[PDB]
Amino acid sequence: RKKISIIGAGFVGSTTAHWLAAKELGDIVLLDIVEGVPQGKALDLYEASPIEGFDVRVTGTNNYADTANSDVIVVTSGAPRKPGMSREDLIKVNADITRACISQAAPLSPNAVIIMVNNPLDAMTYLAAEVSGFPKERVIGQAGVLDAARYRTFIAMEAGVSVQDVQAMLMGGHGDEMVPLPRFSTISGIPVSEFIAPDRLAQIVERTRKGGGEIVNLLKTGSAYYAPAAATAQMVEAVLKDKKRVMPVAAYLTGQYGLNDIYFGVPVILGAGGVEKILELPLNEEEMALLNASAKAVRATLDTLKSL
């Protein structure tokens, strides 16, 4: 069976194990720094297997040696933000955690595809590629799928249609400056502008950008995890099953959109080889303006990373 290691057994990591187990994609290793916690969660989820019918071994651990030879590594060890904070506010604590986790797991699973989740996503993904030395296409960040998911949800709600018929591309850093693209948003191939008034659609773009913060202010003591885990799981699936999904993920740019040497949210073809292709869309001036402002927020992020 395929092997999937999830570094960090908190809300996003455990919930990610849940979505993955149900899919019976492969055995799962939940690792954490805290003792007992990952063992408890992994056993609890394993105990649900007779009810649901999936045959996947779910083991909790505190030993990186158990993650050896993984096909995919999911990193959800980062600390989450609390109300009043930005994802960028976590860069110091999470740069340390990220370096620590990657330096230990990466060497034990050289052929694995690493999927980062820790925030600030784009920066942490750059860090992981640096600490691991893995080919850039095998080191990616989860952000786009989640952001576009919130976007697609608000659209289905607004238009009163099935979430299964809504598609939408969204680019840029995983932050306030993310770029949801109405012009690249459709319902069964039909532009969403045909279902939603511009003003209403503007409010949706805005809510999308502030989506994470909306949850934080509701939960009060935590950050979102259901949609995040689903997004992460879908990416793991795309790789394990070589589905050739077209989705927005934080990938390493070498000139696309006039951007070089950065991990940025762009549309890609995700498969068994990780990012198998980065798509270069014909964005217009307004779109590029928004993208550039996002590429700038990200670079700012990388410069902070540099001084840590």
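In case it trips you up, residue 1 is the first one in the sequence shown, and so on.
Practice task
Read off the CA B-factors in the entry, average them over 84 to 92 and over 142 to 150, and name the higher stretch.
Solution key: The entry gives the higher C-alpha B-factor average to 84 to 92.
Problem - Mean C-alpha temperature factor, higher of 186 to 194 and 227 to 235 - result: The deposited B-factors put 186 to 194 ahead on the C-alpha mean.
Problem - From 119, 98, 109, 164, residue of greatest CA B-factor - result: Highest C-alpha B-factor among the listed residues goes to 109.
Practice task
Can you pull the Cα B-factors for 178, 74, 201, 181 from the entry and say which is highest?
Solution key: Result of the comparison over 178, 74, 201, 181: 201.
Handout entry: Within-chain third of residue 300 by Cα B-factor, per the entry
Key = Answer is lowest: the recorded C-alpha B-factor places it there.
Practice task
Quick one: classify residue 133 as lowest, middle or highest third of the chain based on its Cα B-factor.
Solution key: Middle third - that is where residue 133 ends up once the chain's C-alpha B-factors are sorted.
Practice task
Using the B-factor values recorded in the entry, state whether the Cα atom of residue 51 falls in the lowest, middle or highest third among the modelled residues of its chain.
Solution key: Its C-alpha B-factor, which the entry lists for residue 51, ranks in the middle third among residues of this chain.
Exercise for the section: Please rank the C-alpha B-factors of the chain's modelled residues and tell me whether residue 43 sits in the lowest, middle or highest third. Expected result: Residue 43: CA B-factor falls in the middle third of its chain.
Handout entry: CA B-factor ranking of residue 250, expressed as a third of its chain
Key = Lowest third.
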